[PDB]
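Undergrad: After the structure tokens below, expect a handful of questions from me.
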Amino acid sequence: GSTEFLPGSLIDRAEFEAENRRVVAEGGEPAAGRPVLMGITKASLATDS
Amino acid sequence: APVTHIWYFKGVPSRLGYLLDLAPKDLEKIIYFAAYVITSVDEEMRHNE
Amino acid sequence: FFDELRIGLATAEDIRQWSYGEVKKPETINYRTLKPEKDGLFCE
Amino acid sequence: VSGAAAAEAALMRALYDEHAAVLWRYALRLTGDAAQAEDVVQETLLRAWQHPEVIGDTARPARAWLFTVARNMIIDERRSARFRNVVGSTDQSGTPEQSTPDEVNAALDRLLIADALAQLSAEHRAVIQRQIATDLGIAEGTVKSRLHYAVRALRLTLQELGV
Amino acid sequence: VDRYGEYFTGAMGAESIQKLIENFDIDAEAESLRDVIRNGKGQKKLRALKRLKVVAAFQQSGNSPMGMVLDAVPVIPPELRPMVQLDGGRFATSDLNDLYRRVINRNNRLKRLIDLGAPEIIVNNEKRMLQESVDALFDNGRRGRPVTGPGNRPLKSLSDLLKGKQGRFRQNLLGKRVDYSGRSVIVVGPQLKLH
RNA sequence: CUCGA
DNA sequence: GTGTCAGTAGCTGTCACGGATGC
DNA sequence: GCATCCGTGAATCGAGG
């Protein structure tokens, strides 16, 4: 949509809704979503740190 | 003489291969002097001759 | 107290800015005087 | 013309393809380290390019000369530069660890020295914590003395504590 | 080159890839990838997605991809590659010293060859060895066969200082050794209170 | 390397 | 300074799993 | 478009030589 989120990337459902919150209020299109299940290993490597 | 940082060449996925769209094996041949590679070609002069 | 830890690619210029000099000679030390050879891997 | 400066290369690349991959194995068996062999091979062939009086007589065995060149360089590496160092490796499981002592004593000593500094006068203090006669703006005999009496006050205090 | 050399330019080794990265429009390729992404077959869309994941990084962060090709390599301080003495008068040394030393040797030989105008074959076949040696310094064994030390033992690289249980992270950061501590055999003391 | 919970 | 053949040891007696690598 | 093959991972502390 109007987000800089690289399509296909797995993003925390908090930042997704916050960014679509800013964009929906900005006039641009909010990014689309789709729930994704990750295994513990893959989610551990996906941490922001 | 310049040298490539193996982490970005051989590490899977080959980061350089993804940046230049070059196959990992082609890149391997290039880096270790197994094949030449075309850096630039004056296509207009070639057209005129 | 320091907030963030940044990491990124090291430019050639950054590599040179870190170094206190180039390692020209391949020698390590002297095996008699225990002194590090000049411009070697242990140059003082 | 330029064809000759190219003929030089086309002459070297023609001995490479027939002798380098074989010379490597010789230095390999003699050093048990493919890396050094890789080094010695290039050193040898560089000298060869530097000594054309050997390849010119095409009809003679060149490989045979090459082997001796290498065999000599390897032992030149087995020289004094190898006898002392080649033994062990730190990250090799079998070597101690550079261990640094526990700073207990030094710290206790300084903790006492600091306790016999409150028992001083600021001037003896400023002098001891440093030719100094140039800054503090006094004589050098005043230095010598202040140093003398101050050190004796320090020894007095210390031995008072039982040092 | 002998025929149509006036029309193109070619090169070999790592310097060539340096040139390729130089003559590369990051933003343009990023937008090509995004165009492929908006409308494309999954088969040929996953590849483009993963490529964008790499390219957009260099695009936004403002760091040049040229960083992936090195003109200078750093030398780790000596105390982290220490050289200890043995009780027999002989010496033991960190593996990093052997690796750095081999790299320095090949680099100085490259300088010699460049100055002496050696045949192109030797210069190129030497640059390749310098490449392999820096590869070994950073992550020995990553490509092909590792650099054997004495006893056909693979030498430890810089990136070997960090991996696994013996790496810096798990061995010396997530868990240290502590002063004011002891250990001994345990015995049951029935008369003891719970606390 | 060999060994103890 | 070098010049007739002059050519690794070692080793596969691990495995599950995911995904880039390659035909 | 799909099979191959590459790389990743595989308990904790402790003793002596």
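Numbers and lists here come from the model and the stated rules, or from a named source; none is laboratory data. Every residue, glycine as well, gets a Cβ built from its backbone with ideal geometry; the counts of neighbours run over all protein chains shown.
Undergrad: Just to confirm my filter: which helices (runs of 4 or more DSSP H) fall fully inside chain B and include at least 2 residues that are in contact with a helix residue (DSSP H, G or I) (Cβ under 8 Å, 6 or more places away or on another chain)? Steps first, please.
TA: Values: elements: B:6-9, B:15-20, B:24-31, B:43-48.
Answer list for chain B: B:6-9, B:15-20, B:24-31.
Undergrad: Being more than 13 Å from E:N105 (Cβ to Cβ), more than 7 Å from every other protein chain (Cβ to nearest Cβ) and part of a helix (DSSP H, G or I) is the filter here, so list the residues in the stretch E:133-145 that pass it.
TA: Step one: of the stretch E:133-145, the residues more than 13 Å from E:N105 (Cβ to Cβ) are E:135, E:138-145.
Pick out the ones that are also more than 7 Å from every other protein chain (Cβ to nearest Cβ) and you get E:140-141, E:144-145.
Of everything in the stretch E:133-145, nothing turns out to be more than 13 Å from E:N105 (Cβ to Cβ), more than 7 Å from every other protein chain (Cβ to nearest Cβ) and part of a helix (DSSP H, G or I).
Undergrad: Let me spell it out: the conditions are (1) buried (at least 19 other Cβ atoms within 10 Å of the Cβ); (2) within 16 Å of DNA strand H (Cβ to nearest atom), and E:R143 meets all of them except one. Which number is the exception?
TA: Unmet condition: (1).
Undergrad: Suppose we filter the stretch D:57-106 for residues that are among the polar types (S, T, N, Q) and within 23 Å of D:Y16 (Cβ to Cβ); how many remain? Full working, then the answer.
TA: Step one: of the stretch D:57-106, the residues among the polar types (S, T, N, Q) are D:58, D:68, D:72, D:80, D:85, D:89-90, D:92-93, D:95, D:98-100, D:105.
From what's left, within 23 Å of D:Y16 (Cβ to Cβ): D:58, D:68, D:72.
The qualifying residues number 3.
Undergrad: Shifting gears a bit: Name the single residue, out of those in the stretch D:61-92 being more than 8 Å from DNA strand G (Cβ to nearest atom) and among the charged types (D, E, K, R), that is surrounded by the fewest Cβ atoms within 10 Å (Cβ to Cβ).
TA: Going through the qualifying residues, I end up with D:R79.
Undergrad: A further question on this structure: With the checklist (1) of a type outside the set (S, T, Y); (2) at the interface with chain E (Cβ under 8 Å from one of its Cβ atoms); (3) within 16 Å of DNA strand H (Cβ to nearest atom) in hand, flag the one item B:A1 doesn't pass.
TA: (3)
Undergrad: Yes or no: the stretch E:50-67 includes at least one residue that is touching a helix residue (DSSP H, G or I) at 6+ places or on another chain (Cβ under 8 Å) and farther than 24 Å from C:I7 by Cα.
TA: So far as the stretch E:50-67 goes, no, none of its residues is touching a helix residue (DSSP H, G or I) at 6+ places or on another chain (Cβ under 8 Å) and farther than 24 Å from C:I7 by Cα.
Undergrad: For B:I6, only one of the following conditions fails: (1) more than 15 Å from DNA strand H (Cβ to nearest atom); (2) more than 16 Å from E:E22 (Cβ to Cβ). What is its number?
TA: (1)
Undergrad: Test B:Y36 against the criterion of being in contact with a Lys or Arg (Cβ under 9 Å, 6 or more places away or on another chain) and within 8 Å of chain E (Cβ to nearest Cβ), and give yes or no.
TA: On the way: in contact with a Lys or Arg (Cβ under 9 Å, 6 or more places away or on another chain): no; within 8 Å of chain E (Cβ to nearest Cβ): yes.
For B:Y36, the condition - in contact with a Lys or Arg (Cβ under 9 Å, 6 or more places away or on another chain) and within 8 Å of chain E (Cβ to nearest Cβ) - is not met.
Undergrad: If you don't mind, there's one more thing I want to ask. Looking at E:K127, E:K165, can you tell me which residue is touching a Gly at 6+ places or on another chain (Cβ under 9 Å) and either over 22 Å from C:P26 (Cα atoms) or not in a loop (DSSP other than H, G, I, E, B) (or both)? Spell out how you get there, then give the answer.
TA: Numbers: E:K165 fails: touching a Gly at 6+ places or on another chain (Cβ under 9 Å).
Selected residue: E:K127, the only one of E:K127, E:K165 that is touching a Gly at 6+ places or on another chain (Cβ under 9 Å) and either over 22 Å from C:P26 (Cα atoms) or not in a loop (DSSP other than H, G, I, E, B) (or both).
Undergrad: Identify, please: which residue in the stretch D:9-52 is polar (S, T, N, Q) and within 13 Å of DNA strand G (Cβ to nearest atom) and is, among those, nearest to E:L116 (Cα to Cα)?
TA: Here is the first cut: in the stretch D:9-52, the ones polar (S, T, N, Q) are D:31, D:36, D:42, D:44, D:50.
Going one step further and asking which of them are within 13 Å of DNA strand G (Cβ to nearest atom), we end up with D:31, D:36, D:44, D:50.
On the way: D:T31: 28, D:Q36: 22, D:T44: 15, D:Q50: 10 Å.
So the residue we want is D:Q50.
Undergrad: Any chance the stretch E:172-180 includes a residue that's on the phi < 0 side of the Ramachandran plot and either within 16 Å of DNA strand G (Cβ to nearest atom) or part of a helix (DSSP H, G or I) (or both)? It would help to see each step written out before you state the result.
TA: So in the stretch E:172-180, the residues on the phi < 0 side of the Ramachandran plot come out as E:172-179.
Filter once more, keeping what is either within 16 Å of DNA strand G (Cβ to nearest atom) or part of a helix (DSSP H, G or I) (or both): E:172.
Checking the stretch E:172-180: at least one residue is on the phi < 0 side of the Ramachandran plot and either within 16 Å of DNA strand G (Cβ to nearest atom) or part of a helix (DSSP H, G or I) (or both).
Undergrad: If only one of D:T95, D:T31 is under 30 Å from E:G151 (Cα atoms), in the same structural domain as D:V163 (by CATH), under 27 Å from the mean Cα position of the chain (by Cα) and surrounded by 15 or more Cβ atoms within 10 Å (Cβ to Cβ), which one is it? It would help to see each step written out before you state the result.
TA: Details: D:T31 fails: in the same structural domain as D:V163 (by CATH).
When all the criteria are applied, what remains is D:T95.
Undergrad: Now, a different point. So, of the residues in the stretch B:26-49 that are within 16 Å of DNA strand G (Cβ to nearest atom) and under 10 Å from the mean Cα position of the chain (by Cα), which turns out to be surrounded by the fewest Cβ atoms within 10 Å (Cβ to Cβ)?
TA: Of all residues in the stretch B:26-49, those within 16 Å of DNA strand G (Cβ to nearest atom) come to B:26-32, B:34-35, B:37.
Subset that is under 10 Å from the mean Cα position of the chain (by Cα): B:26-31, B:35, B:37.
On the way: B:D26: 15, B:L27: 20, B:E28: 18, B:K29: 16, B:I30: 24, B:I31: 28, B:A35: 13, B:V37: 19.
The extreme case among them is B:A35.
Yes/no per residue for (1) within 13 Å of chain D (Cβ to nearest Cβ); (2) crowded, with 20+ Cβ neighbours inside 10 Å; (3) within 16 Å of DNA strand G (Cβ to nearest atom); (4) not hydroxyl-bearing (S, T, Y):
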residue: E:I104; (1), (2), (3), (4): yes, yes, no, yes
residue: E:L110; (1), (2), (3), (4): yes, no, no, yes
residue: E:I121; (1), (2), (3), (4): yes, yes, no, yes
residue: E:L130; (1), (2), (3), (4): yes, yes, no, yes
residue: E:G182; (1), (2), (3), (4): no, no, no, yes
residue: E:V187; (1), (2), (3), (4): no, no, no, yes
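Undergrad: Which of the residues that make up the stretch E:35-65 are hydrophobic (A, V, I, L, M, F, W, C) and within 16 Å of DNA strand H (Cβ to nearest atom)? Please lay out each step first, then the result.
TA: First, the residues of the stretch E:35-65 that are hydrophobic (A, V, I, L, M, F, W, C): E:36-37, E:46, E:48-49, E:52, E:54-58.
Of everything in the stretch E:35-65, those that are hydrophobic (A, V, I, L, M, F, W, C) and within 16 Å of DNA strand H (Cβ to nearest atom) turn out to be E:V36, E:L46, E:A48, E:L49.
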